[PDB]
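Neighbour counts run over all protein chains shown; Cβ positions are idealised from the backbone, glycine included. Please treat every number below as a calculation from the coordinates, not as lab data.
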Amino acid sequence: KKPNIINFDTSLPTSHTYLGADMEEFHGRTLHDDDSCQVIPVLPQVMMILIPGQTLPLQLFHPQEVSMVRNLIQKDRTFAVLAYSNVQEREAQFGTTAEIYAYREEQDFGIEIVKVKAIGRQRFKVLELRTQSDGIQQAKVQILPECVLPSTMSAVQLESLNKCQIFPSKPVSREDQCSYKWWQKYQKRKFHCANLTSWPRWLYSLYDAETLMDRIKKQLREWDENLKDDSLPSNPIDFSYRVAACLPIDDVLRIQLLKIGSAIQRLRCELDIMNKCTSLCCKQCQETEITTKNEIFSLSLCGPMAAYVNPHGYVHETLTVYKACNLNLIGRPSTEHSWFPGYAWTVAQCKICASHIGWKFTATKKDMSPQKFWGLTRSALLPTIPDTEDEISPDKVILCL
Amino acid sequence: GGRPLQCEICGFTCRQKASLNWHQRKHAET
Amino acid sequence: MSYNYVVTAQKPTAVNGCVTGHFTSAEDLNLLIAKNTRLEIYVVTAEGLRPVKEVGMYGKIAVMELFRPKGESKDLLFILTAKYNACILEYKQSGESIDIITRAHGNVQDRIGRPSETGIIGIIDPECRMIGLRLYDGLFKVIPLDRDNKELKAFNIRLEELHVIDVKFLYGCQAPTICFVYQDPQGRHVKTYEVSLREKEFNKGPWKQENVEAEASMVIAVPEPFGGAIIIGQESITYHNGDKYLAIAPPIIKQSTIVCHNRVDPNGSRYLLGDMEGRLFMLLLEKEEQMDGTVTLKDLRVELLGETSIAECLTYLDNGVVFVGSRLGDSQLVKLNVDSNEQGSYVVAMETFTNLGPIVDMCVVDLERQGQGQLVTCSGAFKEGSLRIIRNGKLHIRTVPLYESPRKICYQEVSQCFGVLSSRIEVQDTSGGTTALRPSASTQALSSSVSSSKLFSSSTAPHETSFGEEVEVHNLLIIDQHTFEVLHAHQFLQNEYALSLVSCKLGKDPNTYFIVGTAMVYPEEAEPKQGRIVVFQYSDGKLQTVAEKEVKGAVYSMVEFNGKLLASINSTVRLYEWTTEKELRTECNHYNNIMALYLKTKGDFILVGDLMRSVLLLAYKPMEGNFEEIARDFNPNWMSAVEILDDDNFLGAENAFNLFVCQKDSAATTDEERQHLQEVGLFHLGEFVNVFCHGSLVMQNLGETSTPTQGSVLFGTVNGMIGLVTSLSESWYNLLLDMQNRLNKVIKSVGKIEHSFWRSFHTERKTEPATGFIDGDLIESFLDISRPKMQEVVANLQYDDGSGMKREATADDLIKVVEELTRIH
Ligand SMILES: Nc1cccc2c1C(=O)N([C@H]1CCC(=O)NC1=O)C2=O
Ligand SMILES: [Zn+2]
Ligand SMILES: [Zn+2]
């Protein structure tokens, strides 16, 4: 469907204004060597599976959490986040590091509150877990390397054709007619030597970072028109992590995608998922359809989905959509601690299983557009592949590519 | 007097005591 | 714990480089030809070429240039390998023994840097003052040409020009001036610098920075008396020299870009140019004597000479003789006469030299059931496309031109005929259809046919194309095994691509059929969403379309699996059964993947392979009528081909010309340990493998129950090289590796490059030493060395003859062992 996108400000949520006065920001960054062994503390109640480059807000209340934060503010400001595969047994084999970039303590109303904004950095595999006497647990971890490869043609590339492997006036004039001509010329030239192998050009084109990024850009523009090629990073690694961070998936599939080492495989998986899963149903019911990707749109600068923090220190990987259905509203609309300034939220439950799905944002002013939208929590949704296909060949939820 | 009860996970407002205890059971269940 | 053995049965034939000079003596006229890892020297005679020496190096020849220093008897050679091993060489002859000496050697590989876009570049100053190399974008490595630099010490100078297309040295310049063409946001430009040795840096160039064609693809250093430089592109040919500028836009070259060249006349009056389509042109420069005596460039001129083999390099050999070094087709020697032939061409073909590279697919067959073995390969590409037949004689080769790109191959015993997938190039003609450029096998078929299916007529309605565009027309050719005639040629549908091919009997039908898999290619939407599986029967000298089945994806590969037909469709694997009604019905499926490209089977085990994500294993369960994922690998490296060794070992070639072998586990331990594959073998082949086969060209023994080598797997590559790999035992492996070390202790290396470093698994991130492999070439080289060195090698070595007692090894025992090994190919 084709609704409105004008009037609001996509930069309001990215700032997370709901956390209050401007925090004490830090700019000194840290990154360890690849395959290096490091001992890092773990946050307990972080039931979120972090992605490198993903923003994460937190409101901590427990005294131990506040003490660990105080100790880290002077040091490297880095901690770990476990990827809980089985939340019941607290099992985690992988995880992601997180660096604090904004901080503010508050002893107001007779309660030790601490507000923090952090960002993802590096992936890692768990080696060992220890627990100190003070409750805070440590983790002996191995940094996972980012495996990057040269172009498929590098090995077969003929020496005579090495020259002019570079294209004249590198970029296209943004237009996709000039760009279709450009992509065809690009494929004929870059993958010419493909004739020397067992496969054709169009196959290799599927494993080229540039082509994959362009197709992903074409899918992204479909969600929001306020996109410029500048906004997105050019580095395929950072690009892939950014794309993955705002794709609504279940935990198992998120774990699987994080396990990927090469950016090429990550991008392939992302495109595959974007094409496959056209439905989004209730995670608990599995049969109750909630929405489709046609209704997806980016209400923030990062993307359609992002992690936000609530008044009680719970994180929600919430997704912004135009339309939803099969939902009963609980309570009355409120602006209390709203993530999208100028809108009031209303709790939404599944009319069948009565499981929380998200909230209904309603505009406070009449001039605002859109007047209403939906924010669905990722933990409560399930991406579903379309059935049909003559119904002689069915399937099951699985990550292809 | 006894103002409404709400859930800390999602803000789900309710009335009678154990109703919210039922609602909260549906979050961290799986 | 796996142990294997690799040997070369055929030397790489693809010509990647050639030069001329005076290497053997100041009098003799020498021509040097590089063939990846081999180098051949020839003396130019008026009739032909006289071979003198052929050497094998421990490195992939990347750059090869001759030069003459001051105070030297003859020209010295410089070679730079792919692993950045540089060496200068001189020639010496002491009677019947001819050996190549290494003057200076060393490695130039930097700790960090971005390997260049346009590959490694290497140039020499005309006066032989220094050697310039470009290995990393922005860094120019300089090697001073002083006699003291035996170690080949170099130093880097940092460049502001990032994406440099080309660079050369200038002639008649008092300063070692470099002129180079690069690109920036504003366009492509030509710029000059002066390399200073005592400053160890750059100084302002003599000329200005001028803009050039956006498609400037080549630079040519003009010799005296002219000097300056020439710029070649897609549509323009210009000449710059400070105060001198000339330009010509010959329409004769606009059809294809020029890629290679060489100098004809030393003075700079004539140059040869070669394009991508195999056309050879001649550039001619004019002069005009001034009163001062300095000849100025009056004008330029280009004229097409003719058509030859698609060239990778060129060179002039006096007496109007020219050498066309091709790596797609057979290399050539041609003559240039001032008068055109009856056809209108100035070039006359003098001789051809077979070139198997590039091999894309092959098969082992026994036409005359001798039990010996013959190999049939799909070599060449485009107009050079051809088939090659190989046997033992030393080796005997038979050529069969096609004039269109071959893809796959297959054999039928019952019909005594071969099936081959091919692809020709056509162009959008004046009307709506297309027309062919030249005659090929598909157009000259004794009998022809076209597919007529009407399953995809609707839906994605065929889309238009503009005039002058090229397109690939696929075909299936049926050929006789003896006469090699183009018996039949079937033309596939439009917007279609043939991917796989098999021939077998399925179900309980005694007839042998040809099975093909296809995919519908459209310029929109990357991966296909459509595809067909077709079954044909060859009978009475004509193919009859027997059956068809539709699939919503590309049929990458197919195989016979215990009477059923296993196939791959995108990320899925599907098994088909042949019904009584003579059709196909699906049974089961498997999904999770990156892409099911490679497929192989053995009994009830199946191996699936991805382009980068290594592989996985499956096993057909009888009662369940389904599959079961057994094991998998993670390493992301560009796979080129795979093959099953036995029920526990598996081989695979990858990106950096490397070969890795994995293994499973039958023991208990844990489900986690069984489901993973152990990288039990690593090796650097130096070739890009494309196809594997089972069999050999030697008689299948039976006379000796005690075979030294177990198993046999042939493989073909891109440079025209063919090899054999087998498995060994633990004891044999240990002894042969000890022999490897002892041999390297003695043998002279071409360029003083350690053999252990040359055979080391290498990638941009990690460089590991070989494991679980034995280099057959080095083991075989033991027979050729002198006897004193043979005795030095086998000195203080424990050897077990006939599995009896360990005793001191003599030279004769090892000679017998190595002879028995050599007799496997
Ligand atoms: N008033 C309450 C009360 C309890 C829990 C929550 C809220 C609330 O507003 N949010 C979210 C939902 C609405 C929003 O956008 N920002 C939040 O913090 C909660 O989890
Ligand atoms: Zn539900
Ligand atoms: Zn709740």
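Positive-end ranking of C:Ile143, C:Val324, C:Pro223 along the dipole of segment C:15-355, with charges on Cβ about the Cα centre, is headed by C:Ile143.
When peptides C:378-390, C:700-712 are sorted by average Cβ neighbour count within 10 Å, with the highest value leading, the order is C:378-390, C:700-712.
Averaged over the residues of peptide C:109-122, the number of Cβ atoms from other protein chains lying within 10 Å of each residue's Cβ is 2. The string of couplings for segment C:177-184 from the Karplus curve (6.51, -1.76, 1.60, θ = phi - 60°) is 8, 10, 10, 9, 10, 9, 10, 9 Hz, one whole number per residue in order, with x for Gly and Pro.
Listed by chain and number, the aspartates and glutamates whose C-alpha is less than 20 Å from the C-alpha of C:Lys204, apart from same-chain residues fewer than 8 away, are C:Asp125, C:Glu160, C:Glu161, C:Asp166, C:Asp184, C:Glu194, C:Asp243. For the cross-link pairs A:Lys2/A:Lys323; C:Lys191/C:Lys298; C:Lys11/C:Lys766; C:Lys748/C:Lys789, which exceed 20 Å when the distance is taken from alpha carbon to alpha carbon? Checking Cα-Cα distances, C:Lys191/C:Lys298; C:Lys11/C:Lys766 exceed 20 Å. Computed over the alpha-carbon pairs of the protein assembly as shown, the distance histogram in 10 Å steps reads 1, 8, 15, 19, 19, 16, 12, 7, 3, 1, 0, 0 percent, short to long. When DSSP beta bridges are limited to those with both residues in segment A:20-144, what percentage is antiparallel, rounded to the nearest 5? In segment A:20-144, DSSP labels about 95 percent of beta bridges as antiparallel. Taking 14 Å as the straight-line reach from the Cα of A:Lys351, the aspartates and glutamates in range (excluding those fewer than 8 positions away in the same chain) are A:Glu287, A:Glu289. The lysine pair tally for segment A:190-276, using Cα distances under 19 Å and a gap of 8 or more places or different chains, is 4. Our coupling estimate for segment C:533-544, obtained by passing each phi through the Karplus curve with A = 6.51, B = -1.76, C = 1.60 and θ = phi - 60°, is 10, 10, 10, 10, 10, 9, 7, 6, x, 7, 8, 10 Hz, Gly and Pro reported as x. Cα centroids of segment A:335-401 and segment C:108-174: 60 Å apart. Loop-located GluC sites (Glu not before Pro) in segment A:246-309 (DSSP state other than H, G, I, E, B) with a sparse environment of at most 11 neighbouring Cβ atoms within 10 Å: A:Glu287. Across segment A:190-202, coupling constants 3J(HN,Hα) worked out from phi with the 6.51/-1.76/1.60 Karplus curve, θ = phi - 60°, read 4, 9, 4, 4, 4, 4, 7, 10, 7, 10, x, 5, 4 Hz, and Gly and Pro carry x. Ordering C:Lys168, C:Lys766, C:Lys789 from the fewest to the most neighbouring beta carbons within 10 Å gives C:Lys766, C:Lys789, C:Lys168. Quick check on segment A:149-262: take the gyration tensor over C-alpha atoms, sort the square-rooted eigenvalues as a ≥ b ≥ c, and tell me if it's rounded (a/c under 1.5), prolate or oblate. Oblate is the answer for segment A:149-262, as a/c is 1.5 or above yet b/c matches or exceeds a/b.
Sorting A:222-231, C:637-646 by average packing, meaning the other beta carbons within 10 Å per residue, from highest down gives C:637-646, A:222-231. From its DSSP helices (H runs of at least four residues, each -39,500 (n - 2.57)), the protein assembly as shown gives a residue-normalised ellipticity at 222 nm of -3000 deg cm²/dmol. In the structure shown, the pairs C:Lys168/C:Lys335; C:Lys74/C:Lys200; A:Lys140/C:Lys153 are assessed against 32 Å; a Cα-Cα span above that value is assigned to A:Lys140/C:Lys153.
Please say if chain C is rounded, prolate or oblate, where rounded means a/c under 1.5 for a ≥ b ≥ c the square roots of the C-alpha gyration tensor eigenvalues, and otherwise the choice is prolate for a/b larger than b/c and oblate otherwise? Oblate shape, in that a/c is at least 1.5 and b/c is the bigger or equal ratio.
Which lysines, if any, have their Cα less than 23 Å from the Cα of C:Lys505, not counting same-chain residues under 8 positions apart? Partners within reach: C:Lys408, C:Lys542, C:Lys549, C:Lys564, C:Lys582, C:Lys600, C:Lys602, C:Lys621. For segment C:388-500, the direction-averaged projected area of the alpha-carbon convex hull comes to 9.3 nm².
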